[PDB]
Number of protein chains: 2
Amino acid sequence: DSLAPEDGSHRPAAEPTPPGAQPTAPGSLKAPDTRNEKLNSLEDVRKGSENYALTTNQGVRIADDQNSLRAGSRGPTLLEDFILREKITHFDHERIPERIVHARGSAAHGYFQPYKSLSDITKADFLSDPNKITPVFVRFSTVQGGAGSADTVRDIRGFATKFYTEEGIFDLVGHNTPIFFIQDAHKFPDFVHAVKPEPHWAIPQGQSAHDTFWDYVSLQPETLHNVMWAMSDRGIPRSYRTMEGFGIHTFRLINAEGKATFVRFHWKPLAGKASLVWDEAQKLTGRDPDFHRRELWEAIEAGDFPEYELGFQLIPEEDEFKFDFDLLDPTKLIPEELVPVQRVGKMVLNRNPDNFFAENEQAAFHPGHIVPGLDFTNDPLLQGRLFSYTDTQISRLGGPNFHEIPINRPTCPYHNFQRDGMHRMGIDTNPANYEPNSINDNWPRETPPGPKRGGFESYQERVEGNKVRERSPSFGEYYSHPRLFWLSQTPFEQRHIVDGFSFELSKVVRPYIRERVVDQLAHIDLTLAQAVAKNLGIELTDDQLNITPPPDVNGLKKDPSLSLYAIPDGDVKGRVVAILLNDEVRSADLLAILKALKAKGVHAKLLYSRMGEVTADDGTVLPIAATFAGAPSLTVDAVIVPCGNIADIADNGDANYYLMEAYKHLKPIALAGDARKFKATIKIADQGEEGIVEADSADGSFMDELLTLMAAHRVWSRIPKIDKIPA
Amino acid sequence: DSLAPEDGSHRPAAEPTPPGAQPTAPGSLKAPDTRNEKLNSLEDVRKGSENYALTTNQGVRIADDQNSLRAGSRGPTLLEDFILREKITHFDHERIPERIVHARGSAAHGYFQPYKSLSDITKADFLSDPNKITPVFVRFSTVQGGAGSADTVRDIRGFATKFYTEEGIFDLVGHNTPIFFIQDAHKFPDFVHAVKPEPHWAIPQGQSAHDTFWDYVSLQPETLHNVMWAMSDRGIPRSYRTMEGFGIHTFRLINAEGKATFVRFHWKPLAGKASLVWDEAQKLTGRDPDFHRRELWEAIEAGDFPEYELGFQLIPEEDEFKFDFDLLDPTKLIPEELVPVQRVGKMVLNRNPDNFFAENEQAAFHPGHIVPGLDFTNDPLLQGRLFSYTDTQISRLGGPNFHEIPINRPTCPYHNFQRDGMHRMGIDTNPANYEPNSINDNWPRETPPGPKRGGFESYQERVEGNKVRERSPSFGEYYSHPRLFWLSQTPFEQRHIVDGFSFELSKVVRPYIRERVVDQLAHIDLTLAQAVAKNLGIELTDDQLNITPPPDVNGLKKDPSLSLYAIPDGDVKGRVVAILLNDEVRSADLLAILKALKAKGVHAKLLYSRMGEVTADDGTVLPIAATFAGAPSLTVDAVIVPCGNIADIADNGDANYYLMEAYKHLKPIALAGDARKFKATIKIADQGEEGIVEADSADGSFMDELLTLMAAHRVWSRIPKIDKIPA
Ligand code: HEM
Ligand code: HEM
């Protein structure tokens with residue numbers, strides 16, 4: 001029709017812009033100059049729209065897209081209307097099955113680059129030269145919930161990276177904790193079914209807090225280590241940018257001379273580590289179920305690119321048997337105090353997709369997708385994974401040509417004798433469809449193994465044993481890793497752990513399950529169990545009080561890299577602040593505030609009790625971003641309240657509640673001049689307290705005190721005051 | 001190993017029990033004696049479990065289900081482990097595509113029964129006798145969100161009913177408002193795409209508060225009427241039990257003599273109409289995303305069975321053109337003040353399913369499944385629907401034999417010449433697979449139409465017109481029904497409509513879209529338009545202030561049946577109350593309370609600061625159902641606080657906050673004896689106020705006040721005081 005506004009405000013600028021400033025858009029329209037080899041090769045499937053006629057899928061122009069063909073304008077719809085039937089038919093078949101686990105996920109494009117050559121330890125081409133740039137596609141996700149479930153639930157997180165290398169696709173499919181719940185792949189459907197919604201009524205969504213999950217845990221102690229990680233704050237991250245990444249299993253690195261080294265993969269966040277606190281996370285699933293997906297997308301649009309460092313834990317083959325635990329057991333970690341992480345390269349995420357369904361929903365990752373330079377090991381969880389990812393993709397993606405969907409295709413060449421199958425795209429001209437053949441002179445040909453561009457050959461490991469269905473005796477210890485984890489947390493992190501267990505077990509209906517869990521906790525640590533017991537109204541038996549604790553792990557009694565906050569690594573860039581306005585804000589306060597924030601790279605959200613504009617005291621006009629109710633304190637990292645006509649909002653229930661909720665969730669609060677009246681709303685002493693920044697006006701140290709607290713992420717010293725406070 | 005507790009507390013009693021007292025279970029173990037003819041025919045495929053051996057799907061007993069087959073205890077997994085591959089293969093293929101629309105839903109079994117014979121107006125066998133019972137299967141749902149989205153979002157609700165009649169299956173596939181958003185089926189994909197998550201980032205989940213939906217509404221004024229319904233409290237029901245249901249389309253009833261009568265279908269809830277308030281509903285999507293599903297399962301387990309009256313709006317064929325609106329326009333309703341609802345029968349839901357996937361997820365409903373005695377009309381929306389439901393079940397359910405999935409099978413006989421297709425169950429013995437045939441003497445055979453047991457014949461309506469793609473000019477009126485709806489609401493209902501519009505338009509990023517929507521509202525009612533506009537910081541122009549309001553609907557100024565609350569119809573039976581405990585409860589108070597609750601069928605939940613138990617002053621050991629934080633006020637209808645050691649919970653942040661939320665959300669609160677100390681937390685009344693029940697002790701008088709308030713659902717008179725409460 002020609003319906004866009006003349007002034008053209010229906011379309012966002014194609015340049016970096018702060019969260020909420022402009023409408024978000026497909027990646028190639030927001031950042032058309034952000035390119036890589038993978039992005040460039042997708043140009044053959046991209047479709048525009050501007051200046052084109054509206055057509056059927058066969059290319060016939062459509063004259064009327066508002067009506068069906070009928071006999072009379074009030075008559076029956078005719079069967080001969082092929083335009084209507086095509087339109088509704090495509091609509092009716094839009095959906096494909098979601099992923100059996102990790103259905104909910106958010107993705108982006110980027111690139112990886114090695115810091116130096118690793119030709120000494122591996123012959124993988126993508127790690128061989130500091131100038132080789134490798135394009136990546138990454139998907140972050142939850143585990144339990146469906147694709148329409150919420151982002152900030154309590155759960156393990158997935159971290160999958162598809163490396164488009166020159167010698168093949170390499171998929172590193174990891175998680176956000178260094179261990180998994182079970183030892184053998186044979187139990188995966190059992191563990192998955194226990195955590196997922198119960199089979200009679202399909203409840204509950206996105207939660208482990210129900211009878212069957214805890215039943216399975218109390219009968220299978222191997223799950224205790226990863227259960228400790230999920231009940232800690234590791235289970236509710238602040239953002240996909242601020243969590244750690246792990247491969248979990250021990251793999252092999254193979255060099256040109258044929259030597260094998262054992263490796264555990266690590267992803268280290270450059271924005272540091274941060275998480276939410278339970279009541280904020282749970283509330284946040286209602287006020288904004290898409291908070292992580294939204295933050296990821298907006299961070300890239302604003303230029304705050306997620307950056308991670310790839311790291312390796314390296315173990316010589318001769319050291320296979322030197323630890324207290326088995327290296328092939330995925331319920332056990334390798335303490336950084338024993339085997340340091342070597343920082344090897346970096347990944348940067350700098351462009352969003354164009355179409356979620358086509359790039360994200362259809363992407364397929366699989367741990368079996370490795371390259372020459374790498375190899376597997378006998379970890380029994382990894383072993384059964386190799387079977388599963390190829391099999392499941394046959395029904396999810398509809399056939400064996402899933403590698404022909406544009407986001408999954410390699411950028412390097414691929415030729416073989418495989419043919420046909422549903423949805424076949426490639427037209428092969430090879431006269432032969434088998435080898436050995438003389439009709440095409442045996443092409444394509446096998447290629448011997450070598451130091452570069454050679455064929456894949458498996459490491460020749462020795463196997464000796466009988467065919468048995470049995471667990472290795474070295475896999476039989478379940479309590480010392482959990483205890484190592486428990487003793488490395490800070491005191492306030494231990495408290496959050498206790499509260500996660502108490503909360504979750506309180507939702508378990510059958511009381512005997514709660515009691516058996518508590519018993520299992522008494523084998524890990526007594527203080528932990530006494531504390532969980534008292535919140536559930538349980539008494540420990542005298543026998544439970546004398547259980548002997550498990551041993552140290554190779555002499556360690558703590559490892560600080562297991563805590564989120566022991567060794568702080570905060571980075572305030574990309575964090576966001578809430579500024580609550582009034583109808584006559586002191587513009588001198590506002591300019592000192594906004595300029596300090598921009599200097600550190602922190603975003604501001606200007607809030608008010610209605611939408612539209614507000615006029616500052618010097619006549620300056622401020623556009624309002626959202627209302628107090630529309631952008632709750634759950635969404636910001638800290639609150640600033642500037643001087644001005646404070647009586648405008650001193651009596652508004654939402655403005656006050658905004659300060660009580662943030663105060664409760666331990667975020668820093670700043671009050672300028674008469675905005676100090678608000679201290680009475682949160683029971684702050686006249687004297688003041690750590691975490692509340694207050695001054696006569698918003699000037700000098702005001703902003704610097706505020707930004708120091710933001711780098712410390714939350715105000716842990718206030719824990720003691722929040723139990724009162726009705727928020 | 002891993003067995004049940006000695007006391008048998010792992011299993012639920014097979015008798016009606018209140019919500020939360022026991023673990024929920026599959027319907028056939030919870031109510032073995034509840035039967036109907038559909039439930040009994042499902043006996044062929046129900047599978048048990050106690051006392052059987054674990055096997056593969058080929059029936060081979062499994063010796064060890066904890067491990068994979070490997071070469072040695074720490075060796076590689078063997079390809080020949082067929083037990084392992086069968087187990088993982090089935091898991092890898094568990095998911096099927098979710099429903100294109102209405103993916104999130106909850107179902108139950110029950111039966112329908114007519115009040116009188118309706119053979120003067122219809123030859124429909126299920127309506128011909130008061131003593132004839134028809135088994136039904138009903139599915140309630142949201143529209144927009146995926147299958148793992150939350151229950152209490154703002155959206156339209158689906159109300160689908162499958163009738164297993166003796167002359168075929170009849171599906172009455174309706175909604176909870178009497179009109180739809182659009183007129184022609186050709187625009188369905190356009191409207192659904194605008195409301196669903198945006199295509200570049202897949203945000204937002206289960207919400208219409210985003211740019212593409214308001215864009216579409218502002219350019220298609222036909223949608224305004226159902227947008228009014230959605231922005232009112234009709235968009236957020238308290239329960240599937242407390243909402244109305246409609247077929248929307250005008251349909252036809254045909255009697256034995258061939259006479260036709262136009263009909264609109266209604267469902268009237270015998271528990272009455274009731275809804276949440278927005279703040280509550282949004283927060284409840286985070287505290288329990290599965291609330292409507294839970295509540296339905298639990299009401300059926302408690303014996304508070306969902307019951308509805310089927311009603312008909314009947315209009316003679318000669319009165320087709322006697323209204324100011326076209327009867328075939330699905331964006332127009334038929335005021336009950338003009339054509340009353342005749343009550344025809346009752347439907348009762350009395351049993352949950354055994355397996356949610358097998359019965360709820362594979363069920364297929366379709367508005368084209370009618371039986372002799374019913375017929376269609378030329379409503380252009382209805383007409384397009386007939387193509388769609390059959391088409392989409394071919395991919396969702398895998399082939400053309402979906403009528404052979406047990407939940408979908410007819411209980412009457414079905415025979416024809418259709419053969420083959422994927423997963424074909426029935427083995428045909430008929431030597432012929434075509435007709436006419438002489439080799440089987442032509443059976444099965446066609447049956448002529450008649451009064452009972454006849455073949456289907458369409459009503460022979462005259463069709464006169466040219467083949468055009470054109471909207472009837474009679475459908476070109478968009479503003480008088482929304483005006484009629486606005487003027488029939490109570491004043492507090494009106495405020496909530498304004499608040500829903502303001503809230504959603506505040507989330508639209510492109511400001512010109514808000515302005516256009518507000519412009520459209522000015523054609524309906526200038527008071528409504530002005531209220532929304534003030535909240536968005538928008539000034540109406542002089543031009544807009546002089547828009548002539550639309551005309552009346554056949555002389556009506558208003559119709560009270562369009563409001564939820566103008567004519568009170570509430571029932572307290574099945575509602576739930578929170579009782580906040582302390583460590584020394586006055587047993588006398590507690591017994592007066594529980595007795596009265598039990599007399600009216602009101603359930604109770606005893607809450608505390610920890611789980612386990614408390615002892616009342618006389619020793620009546622009280623088991624705690626959940627904590628304050630664990631079962632928030634959002635999930636109950638009213639709050640009671642008994643006397644006792646009140647200093648136990650007087651300074652508990654959670655217990656004070658609990659009363660402030662219930663107060664904000666207009667729920668009745670009862671305070672006894674020293675519990676009156678809590679009046680300071682909700683800072684109000686010295687002499688008391690309506691909505692707050694106080695007394696020295698909990699007696700008969702106290703309880704009757706509280707029960708009279710609960711029958712009115714919420715305390716509307718408290719609206720003007722909530723704006724100042726910080727909660
Ligand atoms: C170390 C333990 C494991 C980790 C870290 C892990 C990680 C992941 C991640 C991140 C995804 C989502 C990929 C995406 O974004 O599309 C995924 C999917 C999946 N995983 Fe795993 N997983 C583990 C164990 C297993 C096991 C033992 C099995 C089965 C034997 C399994 C079967 C699957 C399947 C079937 C999918 C869906 C794949 C698809 O639909 O493309 N996983 N896993
Ligand atoms: C008055 C308007 C409409 C109403 C009241 C309505 C109602 C419903 C309901 C209640 C369901 C869910 C059934 C279940 O529980 O499985 C549903 C699903 C569906 N609707 Fe409609 N709908 C309407 C308009 C349309 C239109 C115009 C189309 C297409 C032109 C359409 C296509 C579908 C499809 C394809 C499904 C999924 C069916 C399945 O997967 O089994 N609907 N609709």
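Letters A, B, ... are given to chains in the order of the sequence lines, protein chains preceding strands, and every chain is numbered from 1. In what follows, every heavy atom counts, from backbone to side chain, and hydrogens, waters and symmetry copies are set aside.
- With hydrogens and angles left out, the side-chain atoms of A:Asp648 and A:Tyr608 include a donor and acceptor closer than 3.5 Å.
- Here A:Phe503 pairs with A:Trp278 under the ring pair (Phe, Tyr, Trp, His ring centres under 6.0 Å) rule; sequence neighbours left out.
- Looking only at distances, a side-chain donor or acceptor of B:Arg714 sits under 3.5 Å from a matching main-chain atom of B:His665.
- For A:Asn645 (side chain) and A:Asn582 (main-chain N/O), no donor-acceptor pair under 3.5 Å exists by modelled atom type.
- The two atoms that bring B:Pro197 and B:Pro204 nearest to each other are CG-O, 3.4 Å, heavy atoms only.
- Around atom CD of A:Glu689, more than 12 heavy atoms belonging to other residues, nucleotides or ligands sit under 6.0 Å away.
- Note that the CG atom of A:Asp583 and the CG atom of A:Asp617 stand 11.5 Å from one another [nearest 0.5 Å].
- Enclosure of atom NZ in A:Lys598 is not indicated, since only 12 or fewer non-hydrogen atoms of other residues, nucleotides or ligands lie within 6.0 angstrom.
- Side chain to side chain, A:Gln489 and A:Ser232 fail the donor-acceptor criterion of an N or O pair below 3.5 Å.
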Any chance you could lay out the side-chain contact (heavy atoms from CB on, under 4.5 Å) test for A:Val602 and A:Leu707, step after step, and finish with the verdict? CA-CA 10 Å; A:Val602 183; A:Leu707 287 155; 4.1 Å; yes

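- The minimum heavy-atom distance between A:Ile236 and A:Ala281, with the atom names listed, is CG2-CB, 3.7 Å.
- Distance alone, capped at 3.5 Å, places no donor-acceptor pair between the A:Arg575 side chain and the A:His603 backbone.
- Closest approach of B:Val639 to B:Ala662, counting heavy atoms only: CG2-CB, 3.8 Å.
- Remark: the backbone N or O of A:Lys573 is not paired with any side-chain donor or acceptor of A:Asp304 at under 3.5 angstrom.
- A donor-acceptor pair under 3.5 Å is formed between the side chain of A:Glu493 and the backbone N or O of A:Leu564.
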Dump the intermediate steps for side-chain contact (heavy atoms from CB on, under 4.5 Å) on B:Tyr663 and B:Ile692, then the final yes or no. CA-CA 9 Å; B:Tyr663 193 80; B:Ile692 309 301; 4.1 Å; yes

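- Proximity of a side-chain donor or acceptor of A:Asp637 to a complementary backbone N or O of A:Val576 within less than 3.5 Å is detected.
- Counting only residues at least two apart or on different chains, the side-chain hydrogen bond (donor to acceptor under 3.5 Å, both in side chains) pairs with a member in residues 666-683 of chain A are A:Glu280-A:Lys667, A:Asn656-A:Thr681, A:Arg676-A:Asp696, A:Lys679-A:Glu694.
- For B:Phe492, the ring pair (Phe, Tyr, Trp, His ring centres under 6.0 Å) test picks out B:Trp716, with sequence neighbours left out.
- Counting heavy atoms of neighbouring residues, nucleotides and ligands inside a 6.0 Å radius, atom CG of A:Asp686 does not exceed 12 of them.
- Of the possible donor and acceptor atoms, one in the side chain of B:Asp211 sits under 3.5 Å from a partner among the backbone N and O of B:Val509.
- A donor-acceptor pair is defined here as one N or O able to donate and one able to accept, closer than 3.5 Å; such a pair exists between the side chain of A:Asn352 and the backbone of A:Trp297.
- The main-chain N or O of B:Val508 is found under 3.5 Å from a side-chain atom of B:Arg514 such that the two form a donor-acceptor pair.
- Other residues, nucleotides and ligands contribute over 12 non-hydrogen atoms within 6.0 Å of the NZ atom of A:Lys721.
- Partners of A:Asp499 under the side chain to side chain contact (heavy atoms under 4.5 Å, CB included) rule, at least two apart in sequence or in another chain, are A:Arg495, A:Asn535.
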Under the criterion side chain to side chain donor-acceptor pair (under 3.5 Å), I'd like the reasoning laid out for B:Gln282 against A:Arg287: C-alpha separation, chi angles, the key distance, then a yes or no. CA-CA 6 Å; B:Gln282 187 188 38; A:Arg287 304 302 197 189; 2.9 Å; yes

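- The main-chain N or O of A:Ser275 is found under 3.5 Å from a side-chain atom of A:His713 such that the two form a donor-acceptor pair.
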Do any side-chain atoms of residues 17-25 of chain A form donor-acceptor pairs under 3.5 angstrom with protein atoms, and if so which ones, sequence neighbours left out?
from: A:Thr17; atom 1: OG1; to: A:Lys30; atom 2: NZ; distance (Å): 2.7
from: A:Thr24; atom 1: OG1; to: B:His200; atom 2: NE2; distance (Å): 3.0

Let me see the working for A:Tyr658 and A:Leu607 under side-chain contact (heavy atoms from CB on, under 4.5 Å), right down to the final yes or no. CA-CA 11 Å; A:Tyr658 207 105; A:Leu607 271 36; 3.2 Å; yes

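- One finds the CD1 atom of A:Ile646 at 12.0 Å from the CZ atom of A:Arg586 (value rounded to the nearest 0.5 Å).
- Residues passing the ring pair (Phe, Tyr, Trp, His ring centres under 6.0 Å) test with A:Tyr240, sequence neighbours excluded: A:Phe140, A:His292.
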